[PDB]
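Only one structure is covered here, and it is reproduced in the block below.
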Amino acid sequence: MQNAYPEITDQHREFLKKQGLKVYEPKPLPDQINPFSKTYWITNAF
Amino acid sequence: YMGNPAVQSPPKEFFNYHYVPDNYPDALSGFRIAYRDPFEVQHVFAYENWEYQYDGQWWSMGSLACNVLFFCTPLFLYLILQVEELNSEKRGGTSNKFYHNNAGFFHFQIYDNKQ
Amino acid sequence: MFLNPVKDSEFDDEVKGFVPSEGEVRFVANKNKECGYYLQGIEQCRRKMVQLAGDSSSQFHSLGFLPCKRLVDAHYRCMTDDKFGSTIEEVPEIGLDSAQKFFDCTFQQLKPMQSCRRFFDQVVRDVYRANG
Amino acid sequence: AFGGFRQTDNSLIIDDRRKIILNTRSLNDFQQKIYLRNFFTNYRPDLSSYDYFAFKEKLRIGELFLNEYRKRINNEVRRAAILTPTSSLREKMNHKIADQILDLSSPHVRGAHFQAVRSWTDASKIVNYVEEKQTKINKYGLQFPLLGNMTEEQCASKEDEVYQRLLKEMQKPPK
Amino acid sequence: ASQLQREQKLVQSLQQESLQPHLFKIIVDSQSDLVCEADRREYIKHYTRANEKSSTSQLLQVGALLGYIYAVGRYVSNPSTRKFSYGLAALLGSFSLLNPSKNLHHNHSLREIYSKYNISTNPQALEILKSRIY
Amino acid sequence: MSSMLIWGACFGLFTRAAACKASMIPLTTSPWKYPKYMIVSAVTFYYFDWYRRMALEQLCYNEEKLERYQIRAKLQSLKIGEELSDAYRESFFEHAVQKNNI
Amino acid sequence: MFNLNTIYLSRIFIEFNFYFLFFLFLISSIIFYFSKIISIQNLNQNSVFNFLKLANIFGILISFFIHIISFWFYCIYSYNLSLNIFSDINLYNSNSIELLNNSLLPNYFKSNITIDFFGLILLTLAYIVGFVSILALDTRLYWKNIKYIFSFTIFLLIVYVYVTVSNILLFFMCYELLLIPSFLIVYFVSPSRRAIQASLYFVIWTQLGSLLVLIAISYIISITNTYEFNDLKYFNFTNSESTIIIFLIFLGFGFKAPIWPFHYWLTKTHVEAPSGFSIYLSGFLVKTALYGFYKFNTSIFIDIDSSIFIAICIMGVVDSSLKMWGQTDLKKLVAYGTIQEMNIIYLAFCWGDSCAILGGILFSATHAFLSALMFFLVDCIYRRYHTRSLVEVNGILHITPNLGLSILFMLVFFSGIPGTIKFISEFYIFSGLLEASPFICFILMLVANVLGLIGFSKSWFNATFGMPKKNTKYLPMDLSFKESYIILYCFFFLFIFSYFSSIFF
Amino acid sequence: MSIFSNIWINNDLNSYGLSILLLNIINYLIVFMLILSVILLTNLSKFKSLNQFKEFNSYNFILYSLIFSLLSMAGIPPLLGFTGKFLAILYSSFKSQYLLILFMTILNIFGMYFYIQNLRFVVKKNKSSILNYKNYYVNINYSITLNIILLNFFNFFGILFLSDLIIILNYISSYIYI
Amino acid sequence: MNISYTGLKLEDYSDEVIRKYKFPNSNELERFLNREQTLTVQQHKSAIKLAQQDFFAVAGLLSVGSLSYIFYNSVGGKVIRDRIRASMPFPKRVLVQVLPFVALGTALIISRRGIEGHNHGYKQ
Amino acid sequence: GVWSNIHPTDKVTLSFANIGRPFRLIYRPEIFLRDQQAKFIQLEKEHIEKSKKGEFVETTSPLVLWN
Ligand SMILES: Nc1ncnc2c1ncn2[C@@H]1O[C@H](COP(=O)(O)OP(=O)(O)O)[C@@H](O)[C@H]1O
């Protein structure tokens, strides 16, 4: 699959980082939400 | 035709419930059978026994235009389907055709050989 | 099956699909409905000759599948409409490789006759494309 | 043995191949089979029963694959609706996504339609597209186990083949 | 390096005898000319019989537990829950310690089949098994 | 299963039982009828199996004889003028000339 | 990771489940015949009728569980079998897996078993609807007519042969064997005196349809002297022959569907048949007619326009939907609902083997369960209040709250709520018809989902609500556990079948 | 009947139609004996009008034998009378007679309602008394009962064994022209 | 009839024809003759035996569980059943509870092992 | 079983699905074919004999019968 969006330059990305902006990235599930976590299974046992 | 608002005496001769000989009765909830209302039973067994009196009565009874439209409804449906077939043919869409694109193989049918 | 290798490719086995002509499809279908007896005969002959002379101690083991050679030649003549020789050895050079593949897949790697039909029809299609 | 039904039409039949003239009303079962019942009833009559079963399965998978294309483009549009505000969504969508959406439209994909009306050439093209995808995923042995059933020895041999192929492709000059 | 280590592991597995039936099964699956066709057929039959996982083991374990419960609830008069629970635990532990109907009359036939070929020191065995490693 | 004698014996047993039920007489009535019915049914169905095999064999032979009759009827059913036509001249002369050696 | 074991698992389970049902039926029949002289019920506790009921109900239930397992085995086998042909792209090797027959039991009728998804869906409907119907017939089987406790086992065996044979003649025969047990049930088990004429009408209508199907199959057999669908694939019918065949099969299976104007028998029978058979008649047998039509038409190339058949089906839908307001009898109203649903399903099979049979199969299952639930509710009402007409019973919700709640939730499910499977079938069929004919799709949706629904809800809402003032001394009790659990199982299936694997839908 | 290089190929059996006619006649005779064996088992004077099918309403054997014989006469499958009509229609299709098939279907449906119409009359308000009295008790003839049992077996399950009868009749008819 | 080895000589054909019509090796010929080029008859027989045993185990367990569940939970009304179950020894109550569940559960477990492929050896 | 051990097809199918067909063809297909191929087999034998003489007959070339 292709990128589907108009490409931007690394100089533009550096400029945006200079202006205080942050690149959006997905965040991992917390231990409570993650169904493969000791916290999840301790909650289940409780 | 419509019901008569006038008060009428209860019917003396009306179709009633009849059971097969040697019928095992329904004994649910203590086997309590109440006497049936004559007017209610008459309405129960009225439509099933209603008949037309003379030839052609079915046309003019009620609304002649509505009866004609109801009678011609299958023809109207077929003609509308023909118009839609014209539209699909002009546009190469799904037609009213028996699409034999599987060459006879059935839907998820097992096709295995015996040794 | 109906794929041609891409001559200039970024990877080893990139292929591109193609569709045969309606004339080729009609010809192959008609001949297969007219010459399908020979193909079933080749299958049954292969099985019977393996039953008879398959054992190495048999007298006819050295003859191999030669009794089915007549069936193969008859199938070739029927599929080619008696215009490209009386034997499959007289096949045009375009269908030579496909004929070799058919013979291998029919008598050396005794595959089910579906693959053998694929290769024989490939021979017929090559001949048809050469001499449409 | 296949038979036939007696015909009632009084129409002459002329065969150039056999140089014979026949009447439709007077035909035996074999003559009806070779003259009246000689037409085709499937997209690829040149294929065997097994080959056309494979062709039909690949055609169904291809229709579902085009529907999968449309569903994926819809999911990416939904993703754009969330990750991109409306102030600039339509520009980025008209960049590349809108063209693909219109490419995967009512005639080009079956969608919810009862029958995808394809000619035999179109069905063959769809099946060839499916076969190209199958070839490019099987050269790397990706079919097992989602799209293929292979024994343990077959899996090991395929792994060795894919390893050799990967080494050869990695050690090729860039274009 | 890594491929050399994989080949060394293959040779080490060839040296061992526990993995030897498995390696010969891999050889047989390849349909190579190293193994005779009759040997292939017999080894396939014996290996299939030996590696069967029948449902009769679970059925017998189920029948023994239910049979014990029925017997102790049918004929014993005024049963003691302590002894009944101890017997349940003992039978479950015996099921745990009992091997799943392991057979010994099929593995020796496998060694009869594959002892005809010196798998440890066969140049063809390595060539066949170099490609096919699970 | 495989034995028509045993099939007939079972048929006779069940026929006797169903005749007892149908007559409303109790089972175990006229007990000698059970073995008698078993023997009669077994013999009858064994003979019918043999006779059907014989009839099938002789029917195959009669069909071999009948194929000649159908050919010679088709040649005799030709409409006037079709005997010497190109589609039937060879067969007509084979049967009229070659097959005339009495 | 699909191996040879699962293939034999599925095949063995199918064959040996048929033999399980047959052996249970045979043992039960032997016990029933050889333990009594007259074979009528001895009116005492120590009677074989208790054992007969137990054996038949348990055979149905356990064979249904085995059928669930075998259906899952078949689903896995069919998925992986279609995968194997699709998987391999090398031209040298083809999928050639030749199977051996089992040793313990023979092939019944010397026919190799062929299993399709529609056939096994039909078999599952047979099992469940027969279970519900036999549970609804215990109060009807008594002295001198207990012999019909085996009727649903006979139906299960007949349909088991019906949906598993590739022989066209055995297929037709198994389709033809469903008449005698049905007529015997209607003639001897029905309590209403008007049910004799209803049985006669059912027999004559369904047998005219069977005669048309017989003519079609006679054409098929005589023209191409064979009995196999593959041999049909190797033969082509001329345009006139194909037209005659399609007309005959459509008209016959529409006599059994039923279709306009051949639903008079269905109305009369449903009004007069016993509630158990009415559950079984509407739920299942019409689906056997649908399966027969699907098997016949898919295997034959037809070059005529199906607009006439589509018009007949849509006219049936409209005609059934417009008559729902004028029905004061709840059972007759449910019969008209059955007619509407059956015509809608039969519409989906007018496009050959396109992606329209999926909605037909799903709607067949949904209508089976919905008709079973509705006729069971009518049975509960008739057993409680001793009437079915709207003018005699109303206010059920206040005296029998569980029955009223069941009626209301039945209406909710019948209204095509998205959570259930009726909405899925409507979505399938209506999307296909809208792409085929938008105006006819709107007409069908308007008449069926508004006018018919309005009438259907009017006749049920008036029964549910009101005041049961008259006959307070004779007012019944609430729903029993059997009826409650049957209704809950119908609801549970209609809800959870939406989560079935989408591979086959 | 085809010809290839003066060699005739014959895929049709000329004697098959006569065998079908014989099978139809034999099936009708067998079903006619079945219905009239029940009549001869009873008081023959009890059956005068068509409404007096109620007289067959007796112990279940007579009742069910009557109703199944009537269904077989009407051609309801899989009873013995259905097989003859099915084979006749199959042969007519083989002979390519669509109009004859249509008229056979008309006659079959009309006669079928003619037969099953009497099934309504079998309903009786009580069990009937149609057996002759010998030695102060009803005379039930075991021999006729056994005959009816055999006829009922060959009427219910006769479709399973019809192939052997077809073979015998085709063998008999094969002598007509040879 | 004419498809036979009689009258055939290797000298009547060219070497290419002889080579391309030659028999394969003994192993290939035996595999083709026995129809065991992919799966052997012994593998098929083992699969059939396992399938039959699985069906019989599943059917027997389902029958036992169905009969035990009904014959133990259908002895009367709610109060009557409560009294009957209370007036039981502990092993009898355990049997009333354990037996119907164990048989059906084991049948379902056998079905689950049937539909699954954990035995595949290509694992790491 | 014993009733249906005479043909590998069920008795119902034998009774109804074989309309106007020779019982030789139904029960002994190989003998039926070899009997109808009597002249063709002789022509094929003559063709083989002439082929061994180096004389290829084009007319009887299609006649290559296996059964
Ligand atoms: N079944 C019916 N058919 C026609 N008109 C009716 C019917 N029931 C009620 N009506 C009309 O509704 C009115 C209500 O009358 P009702 O209250 O039943 O009688 P009363 O006023 O004597 O108590 C009547 O005057 C009558 O005109």
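Quick note on naming: the chains in the structure tokens go A, B, ... in the order shown, residues restart at 1 in each chain, and ligands are numbered from 1 in order of appearance.
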
* Which residues form the shell of 6 Å around ligand 1 when you count only C-alpha atoms and all ligand atoms, given as a PyMOL selection string? -> chain B and resi 3-5

Between chain D and chain A, at 10 Å or less, what are the per-residue closest atom pairs and their distances in Å? Count only C-alpha atoms, order by chain and rising residue number, and return it as a Markdown table.
| residue | atom | partner | partner_atom | distance |
| --- | --- | --- | --- | --- |
| D:76 | CA | A:4 | CA | 9.3 |
| D:80 | CA | A:5 | CA | 9.9 |
| D:83 | CA | A:24 | CA | 9.0 |
| D:91 | CA | A:6 | CA | 9.1 |
| D:92 | CA | A:5 | CA | 5.6 |
| D:93 | CA | A:5 | CA | 7.5 |
| D:94 | CA | A:5 | CA | 9.2 |
| D:95 | CA | A:5 | CA | 6.4 |
| D:96 | CA | A:4 | CA | 5.4 |
| D:97 | CA | A:4 | CA | 6.1 |
| D:98 | CA | A:4 | CA | 9.8 |
| D:100 | CA | A:4 | CA | 9.8 |

Can I get the residues of chain C within 7 Å of chain G, each with the closest pair of atoms and their distance in Å to one decimal, using only C-alpha atoms, sorted chain first then ascending number, as a tab-separated table?
residue	atom	partner	partner_atom	distance
C:1	CA	G:91	CA	6.8
C:105	CA	G:92	CA	6.8
C:111	CA	G:93	CA	6.6
C:112	CA	G:94	CA	6.9
C:114	CA	G:94	CA	6.9
C:115	CA	G:92	CA	5.4

* To do: Report the residues of range 3-109 of chain B whose backbone DSSP state falls under helix (DSSP H, G or I), written as a ChimeraX atom specification.
  => /B:28-30,38-44,57-60,64-71,73-91

* Asked: residue 79 in chain E: which residues within 9 Å, counting only C-alpha atoms, same-chain residues fewer than 5 positions away excluded, as a PyMOL selection string?
  -> (chain E and resi 72-73+84) or (chain I and resi 89-91)

* Atom-to-atom span, CA of residue 274 in chain G and CA of residue 185 in chain G, Å ->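 Distance reported for this atom pair: 8.2 Å.
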
* To do: Find the spatial neighbours of range 23-26 of chain E, counting only C-alpha atoms, within a cut-off of 12 Å - ignore same-chain residues fewer than 2 positions away - and output them as a VMD selection string.
  => (chain D and resid 151 to 157) or (chain E and resid 10 to 21 28 to 32 34 to 35 39 to 48 51 110 to 120 122 125 to 126 128 to 134) or (chain I and resid 121 to 122)

Sorted by chain and rising residue number, which residues of chain J lie within 8 Å of chain C, and what are their closest atom pairs and distances in Å to one decimal, counting only C-alpha atoms, as JSON lines?
{"residue": "J:61", "atom": "CA", "partner": "C:74", "partner_atom": "CA", "distance": 7.1}
{"residue": "J:62", "atom": "CA", "partner": "C:74", "partner_atom": "CA", "distance": 6.1}
{"residue": "J:64", "atom": "CA", "partner": "C:71", "partner_atom": "CA", "distance": 6.3}
{"residue": "J:65", "atom": "CA", "partner": "C:41", "partner_atom": "CA", "distance": 7.8}
{"residue": "J:66", "atom": "CA", "partner": "C:41", "partner_atom": "CA", "distance": 5.7}
{"residue": "J:67", "atom": "CA", "partner": "C:41", "partner_atom": "CA", "distance": 7.8}

* Quick one: everything within 9 Å of range 27-34 of chain F, counting only C-alpha atoms, minus sequence neighbours fewer than 3 positions away in the same chain. Send it as a ChimeraX atom specification. => /F:12-17,20-21,24,37-39 /G:34,36-37

Kindly save the residues from that selection, with N, CA, C and O atoms included, as a short mmCIF file (atom, residue, chain, number, x, y, z; two decimals), in the first residue's frame.
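Generated file (result.cif):
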data_model
loop_
_atom_site.label_atom_id
_atom_site.label_comp_id
_atom_site.auth_asym_id
_atom_site.auth_seq_id
_atom_site.Cartn_x
_atom_site.Cartn_y
_atom_site.Cartn_z
N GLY F 12 -39.85 -63.78 6.34
CA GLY F 12 -40.92 -64.64 6.82
C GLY F 12 -41.22 -64.42 8.29
O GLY F 12 -42.39 -64.40 8.70
N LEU F 13 -40.18 -64.25 9.11
CA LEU F 13 -40.39 -63.94 10.52
C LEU F 13 -41.21 -62.67 10.69
O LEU F 13 -42.23 -62.66 11.40
N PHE F 14 -40.79 -61.59 10.03
CA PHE F 14 -41.50 -60.33 10.18
C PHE F 14 -42.89 -60.37 9.55
O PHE F 14 -43.81 -59.71 10.05
N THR F 15 -43.06 -61.13 8.48
CA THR F 15 -44.38 -61.29 7.88
C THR F 15 -45.33 -62.01 8.83
O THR F 15 -46.49 -61.61 8.97
N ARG F 16 -44.86 -63.07 9.48
CA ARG F 16 -45.69 -63.75 10.47
C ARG F 16 -46.03 -62.83 11.63
O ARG F 16 -47.18 -62.80 12.09
N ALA F 17 -45.05 -62.07 12.12
CA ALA F 17 -45.31 -61.15 13.22
C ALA F 17 -46.32 -60.08 12.84
O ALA F 17 -47.24 -59.77 13.61
N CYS F 20 -49.77 -61.57 12.61
CA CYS F 20 -50.33 -61.74 13.95
C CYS F 20 -50.84 -60.41 14.50
O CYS F 20 -51.93 -60.34 15.07
N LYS F 21 -50.05 -59.35 14.34
CA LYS F 21 -50.48 -58.04 14.82
C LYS F 21 -51.72 -57.55 14.07
O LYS F 21 -52.65 -57.01 14.68
N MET F 24 -54.89 -59.11 15.04
CA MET F 24 -55.13 -58.82 16.45
C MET F 24 -55.00 -60.05 17.33
O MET F 24 -55.29 -59.97 18.54
N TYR F 37 -43.03 -70.12 7.66
CA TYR F 37 -42.92 -68.90 6.87
C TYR F 37 -41.47 -68.59 6.54
O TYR F 37 -41.16 -68.16 5.43
N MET F 38 -40.56 -68.81 7.50
CA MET F 38 -39.15 -68.58 7.22
C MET F 38 -38.67 -69.44 6.07
O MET F 38 -38.03 -68.94 5.13
N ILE F 39 -38.99 -70.74 6.10
CA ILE F 39 -38.53 -71.64 5.05
C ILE F 39 -39.15 -71.27 3.71
O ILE F 39 -38.46 -71.20 2.68
N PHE G 34 -43.49 -55.16 18.68
CA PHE G 34 -43.40 -56.50 19.24
C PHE G 34 -43.74 -56.57 20.72
O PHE G 34 -43.74 -57.67 21.29
N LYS G 36 -46.67 -55.04 21.94
CA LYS G 36 -48.12 -54.97 22.03
C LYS G 36 -48.72 -55.64 20.81
O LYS G 36 -48.09 -55.75 19.75
N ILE G 37 -49.96 -56.10 20.97
CA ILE G 37 -50.69 -56.75 19.88
C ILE G 37 -51.39 -55.72 18.99
O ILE G 37 -51.29 -55.78 17.76
#

* Contacts of residue 8 in chain I at 9 Å (only C-alpha atoms; same-chain gap of 5+ positions) as number ranges by chain -> C: 63, 66-67

* At most 7 Å to chain B: residues in chain G, only C-alpha atoms, as a PyMOL selection string -> chain G and resi 78+97-100+114-117+139-140+142+191-193+233+298-302+304-308+311-312+315+350-354+383-384+389+391-392+436-437+440+471+474+476-477

Could you write out that same residue set with C-alpha atoms as a CSV table (one decimal), in the first residue's frame?
chain,number,residue,atom,x,y,z
G,78,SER,CA,-15.3,-27.4,2.9
G,97,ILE,CA,-7.0,-36.9,-2.7
G,98,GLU,CA,-8.8,-40.2,-3.1
G,99,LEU,CA,-10.7,-41.4,0.0
G,100,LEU,CA,-11.7,-44.8,1.2
G,114,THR,CA,-22.0,-35.2,-1.0
G,115,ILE,CA,-22.5,-32.4,1.5
G,116,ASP,CA,-23.2,-28.7,0.8
G,117,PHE,CA,-23.8,-25.8,3.1
G,139,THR,CA,-50.9,-33.2,24.1
G,140,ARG,CA,-52.3,-34.4,20.7
G,142,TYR,CA,-53.1,-40.3,22.7
G,191,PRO,CA,-58.3,-32.0,16.5
G,192,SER,CA,-60.4,-29.7,14.3
G,193,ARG,CA,-63.1,-31.3,12.2
G,233,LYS,CA,-22.5,-30.4,-16.3
G,298,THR,CA,-28.2,-24.3,-10.6
G,299,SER,CA,-27.1,-27.4,-12.4
G,300,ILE,CA,-28.8,-26.4,-15.7
G,301,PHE,CA,-27.9,-23.5,-18.0
G,302,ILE,CA,-31.0,-21.3,-18.6
G,304,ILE,CA,-34.4,-17.0,-20.6
G,305,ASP,CA,-35.2,-13.8,-18.7
G,306,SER,CA,-36.3,-14.5,-15.1
G,307,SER,CA,-38.5,-11.4,-15.0
G,308,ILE,CA,-41.7,-13.5,-15.1
G,311,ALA,CA,-42.8,-10.8,-10.9
G,312,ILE,CA,-44.6,-13.9,-9.6
G,315,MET,CA,-46.8,-10.4,-6.5
G,350,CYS,CA,-34.3,-16.2,-9.4
G,351,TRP,CA,-30.8,-15.1,-10.3
G,352,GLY,CA,-29.2,-18.6,-10.7
G,353,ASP,CA,-26.1,-19.3,-8.7
G,354,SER,CA,-25.1,-15.6,-8.2
G,383,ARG,CA,-54.2,-24.0,24.7
G,384,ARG,CA,-54.6,-21.2,27.3
G,389,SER,CA,-59.5,-15.2,17.0
G,391,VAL,CA,-62.4,-11.0,18.8
G,392,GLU,CA,-62.4,-13.7,21.6
G,436,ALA,CA,-31.2,-5.1,-10.0
G,437,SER,CA,-34.4,-3.1,-9.8
G,440,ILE,CA,-39.4,-2.8,-7.5
G,471,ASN,CA,-64.6,-15.6,32.0
G,474,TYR,CA,-61.7,-19.8,33.4
G,476,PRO,CA,-55.5,-19.7,32.5
G,477,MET,CA,-52.1,-19.5,34.1

* **Residue hits in chain C, query chain D, radius 12 Å, only C-alpha atoms, as a ChimeraX atom specification** => /C:1-6,8-34,36,39,81,112-122,124-125

* Residues of chain H within 8 Å of chain G, using only C-alpha atoms, as an NGL selection string? -> :H and (76-78 or 86 or 89-91 or 93-94 or 101 or 105 or 109 or 112-113 or 116-117 or 120)

Take the selection from the previous step and output its residues with N, CA and C atoms, as a PDB file, in the first residue's frame.
ATOM      1  N   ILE H  76     -49.622 -41.434  -5.346  1.00  0.00           N
ATOM      2  CA  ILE H  76     -48.790 -40.734  -4.361  1.00  0.00           C
ATOM      3  C   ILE H  76     -47.512 -41.533  -4.129  1.00  0.00           C
ATOM      4  N   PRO H  77     -46.338 -40.918  -4.228  1.00  0.00           N
ATOM      5  CA  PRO H  77     -45.088 -41.652  -4.010  1.00  0.00           C
ATOM      6  C   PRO H  77     -44.874 -41.936  -2.536  1.00  0.00           C
ATOM      7  N   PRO H  78     -44.080 -42.962  -2.198  1.00  0.00           N
ATOM      8  CA  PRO H  78     -43.380 -43.904  -3.075  1.00  0.00           C
ATOM      9  C   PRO H  78     -44.176 -45.180  -3.293  1.00  0.00           C
ATOM     10  N   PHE H  86     -44.817 -42.780 -12.914  1.00  0.00           N
ATOM     11  CA  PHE H  86     -43.504 -42.174 -13.100  1.00  0.00           C
ATOM     12  C   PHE H  86     -42.784 -42.787 -14.293  1.00  0.00           C
ATOM     13  N   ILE H  89     -44.387 -41.562 -17.571  1.00  0.00           N
ATOM     14  CA  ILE H  89     -43.976 -40.205 -17.919  1.00  0.00           C
ATOM     15  C   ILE H  89     -42.517 -40.181 -18.366  1.00  0.00           C
ATOM     16  N   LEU H  90     -41.662 -40.978 -17.719  1.00  0.00           N
ATOM     17  CA  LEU H  90     -40.266 -41.070 -18.138  1.00  0.00           C
ATOM     18  C   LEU H  90     -40.148 -41.595 -19.562  1.00  0.00           C
ATOM     19  N   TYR H  91     -40.936 -42.615 -19.905  1.00  0.00           N
ATOM     20  CA  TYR H  91     -40.882 -43.168 -21.254  1.00  0.00           C
ATOM     21  C   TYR H  91     -41.464 -42.198 -22.275  1.00  0.00           C
ATOM     22  N   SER H  93     -41.341 -38.936 -22.050  1.00  0.00           N
ATOM     23  CA  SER H  93     -40.267 -37.972 -22.259  1.00  0.00           C
ATOM     24  C   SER H  93     -39.163 -38.560 -23.128  1.00  0.00           C
ATOM     25  N   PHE H  94     -38.830 -39.834 -22.910  1.00  0.00           N
ATOM     26  CA  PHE H  94     -37.839 -40.500 -23.750  1.00  0.00           C
ATOM     27  C   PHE H  94     -38.313 -40.585 -25.195  1.00  0.00           C
ATOM     28  N   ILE H 101     -47.444 -36.118 -22.351  1.00  0.00           N
ATOM     29  CA  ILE H 101     -47.107 -35.886 -20.948  1.00  0.00           C
ATOM     30  C   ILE H 101     -48.115 -34.942 -20.304  1.00  0.00           C
ATOM     31  N   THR H 105     -50.601 -35.865 -17.291  1.00  0.00           N
ATOM     32  CA  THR H 105     -50.602 -35.101 -16.048  1.00  0.00           C
ATOM     33  C   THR H 105     -52.006 -34.646 -15.676  1.00  0.00           C
ATOM     34  N   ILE H 109     -53.784 -35.906 -12.236  1.00  0.00           N
ATOM     35  CA  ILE H 109     -54.207 -35.026 -11.150  1.00  0.00           C
ATOM     36  C   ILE H 109     -55.709 -35.164 -10.901  1.00  0.00           C
ATOM     37  N   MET H 112     -56.232 -38.464  -9.225  1.00  0.00           N
ATOM     38  CA  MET H 112     -55.688 -38.424  -7.875  1.00  0.00           C
ATOM     39  C   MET H 112     -56.657 -37.757  -6.914  1.00  0.00           C
ATOM     40  N   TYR H 113     -57.264 -36.641  -7.326  1.00  0.00           N
ATOM     41  CA  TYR H 113     -58.290 -36.066  -6.463  1.00  0.00           C
ATOM     42  C   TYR H 113     -59.524 -36.957  -6.405  1.00  0.00           C
ATOM     43  N   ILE H 116     -58.366 -39.551  -3.662  1.00  0.00           N
ATOM     44  CA  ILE H 116     -58.198 -38.999  -2.321  1.00  0.00           C
ATOM     45  C   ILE H 116     -59.440 -38.286  -1.816  1.00  0.00           C
ATOM     46  N   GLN H 117     -60.424 -38.041  -2.683  1.00  0.00           N
ATOM     47  CA  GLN H 117     -61.692 -37.489  -2.223  1.00  0.00           C
ATOM     48  C   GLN H 117     -62.384 -38.431  -1.249  1.00  0.00           C
ATOM     49  N   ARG H 120     -61.758 -38.478   2.729  1.00  0.00           N
ATOM     50  CA  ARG H 120     -62.556 -37.678   3.649  1.00  0.00           C
ATOM     51  C   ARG H 120     -63.721 -38.477   4.217  1.00  0.00           C
TER      52      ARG H 120
END

* To do: Dump as a list in words the residues of chain D that approach chain G to within 6 Å, counting only C-alpha atoms.
  => residues 1, 2, 3, 4, 5, 37, 54, 113, 114, 115, 147, 148 and 149 of chain D

* **Nearby residues (only C-alpha atoms) at most 9 Å from range 42-55 of chain G, same-chain spacing under 6 positions excluded, as a ChimeraX atom specification** => /G:24-25,28-29,31-32,35-36,138,142-143,146-147,149-150

* Asked: Counting only C-alpha atoms, which residues of chain C come no farther than 9 Å from chain I, as JSON, numbers by chain?
  -> {"C": [45, 47, 49, 50, 51, 53, 54, 55, 56, 60, 61, 62, 63, 64, 65, 66, 67, 68, 69, 70, 71, 89, 100, 103, 104, 107, 108, 109, 110, 111]}

Selected residues written out, C-alpha atoms, as a CSV table (one decimal), in the first residue's frame:
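part_38.csv, written as the output of this step:
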chain,number,residue,atom,x,y,z
C,45,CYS,CA,-3.3,-47.1,-21.0
C,47,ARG,CA,-2.3,-47.4,-15.7
C,49,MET,CA,0.8,-50.7,-18.8
C,50,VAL,CA,2.1,-50.0,-15.3
C,51,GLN,CA,0.0,-52.9,-14.1
C,53,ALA,CA,5.0,-54.3,-17.4
C,54,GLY,CA,5.6,-52.1,-14.4
C,55,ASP,CA,7.6,-54.8,-12.6
C,56,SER,CA,11.2,-54.9,-13.7
C,60,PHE,CA,7.6,-56.0,-21.6
C,61,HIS,CA,9.4,-53.8,-19.0
C,62,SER,CA,11.9,-52.5,-21.6
C,63,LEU,CA,9.1,-51.4,-23.9
C,64,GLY,CA,7.8,-48.8,-21.4
C,65,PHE,CA,4.7,-46.8,-22.5
C,66,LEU,CA,5.1,-47.5,-26.2
C,67,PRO,CA,1.6,-49.1,-26.5
C,68,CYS,CA,0.2,-45.7,-25.4
C,69,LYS,CA,2.3,-43.9,-28.1
C,70,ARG,CA,-0.5,-44.6,-30.6
C,71,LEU,CA,-3.0,-43.0,-28.3
C,89,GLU,CA,7.3,-35.7,-32.7
C,100,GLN,CA,8.4,-32.2,-23.6
C,103,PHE,CA,5.7,-36.1,-21.8
C,104,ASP,CA,7.6,-35.6,-18.5
C,107,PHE,CA,5.2,-40.7,-18.2
C,108,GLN,CA,8.1,-39.8,-15.9
C,109,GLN,CA,6.4,-37.9,-13.0
C,110,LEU,CA,3.1,-39.8,-13.2
C,111,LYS,CA,1.0,-36.9,-12.1
